[PDB]
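Only one chain is included here, represented as structure tokens and corresponding to the form deposited without the partner chain.
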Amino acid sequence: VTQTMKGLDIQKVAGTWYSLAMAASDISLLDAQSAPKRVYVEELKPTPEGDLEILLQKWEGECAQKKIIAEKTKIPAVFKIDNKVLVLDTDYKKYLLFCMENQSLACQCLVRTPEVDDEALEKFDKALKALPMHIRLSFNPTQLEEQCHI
């Protein structure tokens, strides 16, 4: 994965996000509701010290609320977990594209509102032309308003 947000302002990505689309390099990373990289983002909480708290949801027969922290690195756009989180692109107000790397790649197109942003899905597809994705999912506005996008 050869794409990062130059000049990322991590502060400016705080608050509410929607997992509108997901892609991964193996079907099994996303295929089931229980699939390991099937995580829904609720909110991004950047610490004062420039780390990133992630509020998400994960189905494990329960939609479970889950709080994790991604530690800063020397590169503004890359963070470590427990496995790396890369930020590709964000306009801060509407969309944010990110990938998680073990290679067992998974990327999402986050958006601010429970709507289908065709502009943001274009960029996300463009950012994935380069990657070896074998499963892509997207969620309708109804499903975006529910726990675990049921």
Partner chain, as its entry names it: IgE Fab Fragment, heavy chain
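Numbering follows the first chain given and starts at 1.
Deposited sequence between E122 and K123: no residues lack coordinates (chain continuous).
Where coordinates are absent for parts of the deposited sequence, a chain break appears; between neighbours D82 and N83 it spans 4 to 9 residues. Relative to one another, 39-47 and 92-100 have unequal mean CA B-factors, and 39-47 is the one with the higher figure. Higher mean CA temperature factor, per the PDB entry, when comparing 137-145 with 5-13: 5-13.
When the C-alpha B-factors of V87, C107, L52, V111 are read from the PDB record, the largest value belongs to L52. Placement of the Cα temperature factor of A130 within the chain: highest third of the modelled residues, per the deposited record. The PDB entry assigns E115 a C-alpha temperature factor belonging to the middle third of its chain's modelled residues. Among the modelled residues of its chain, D31 has a C-alpha B-factor that falls in the middle third according to the deposited record.
There is another form of the same protein, the form solved in complex with the partner chain; it is not shown, and what comes next is about it.
Contact here is defined as any heavy atom lying within 4.5 Å of the partner chain in the deposited bound form, and by that definition each of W17, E43 and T113 is a contact residue. Under a 4.5 angstroms non-hydrogen atom cutoff, the partner chain in the deposited bound form lacks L8 among its neighbouring residues. Residues of 112-150 lying near the partner chain in the deposited bound form, listed in sequence order, are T113, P114, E115, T142, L144, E145, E146, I150, the criterion being any heavy atom within 4.5 Å.
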